[PDB]
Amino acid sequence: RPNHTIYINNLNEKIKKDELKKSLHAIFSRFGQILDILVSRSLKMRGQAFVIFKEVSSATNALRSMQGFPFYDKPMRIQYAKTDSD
């Protein structure tokens, strides 16, 4: 069940928040329009991020073509989210 944004985890716990998004935007800017990419470093939200797309088309593509993309030396694990208040 596809969704505007996507949920990525297995991300590099050690990388700084602001560098992380930039790093991400770069890797996904090509798929469509990013409404926002959400990045937290708390205990619960860490090693994981939500990037929000313009349209559920980019997503499926991002997801299809980017699974296990070795990113900061670690294969990203990508999912469709479940909500996002756009």
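Numbering starts at 1 and runs along the sequence shown. For clarity, a rigid core is taken as the largest C-alpha set superposing within 1.5 Å between two forms.
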In 8 other deposited structures of this protein, rigid core aligned: more displaced of 76-84 and 2-10 by C-alpha RMS: 76-84
Higher-deviation segment by CA RMS in 8 other deposited structures of this protein, core fitted, 42-50 or 23-31: 42-50
Assigned third (lowest, middle, highest) for the C-alpha B factor of residue 35: highest
Residue 56 CA temperature factor, ranked by third within the chain: lowest
Ranked C-alpha temperature factor of residue 43 among modelled chain residues, by third: middle
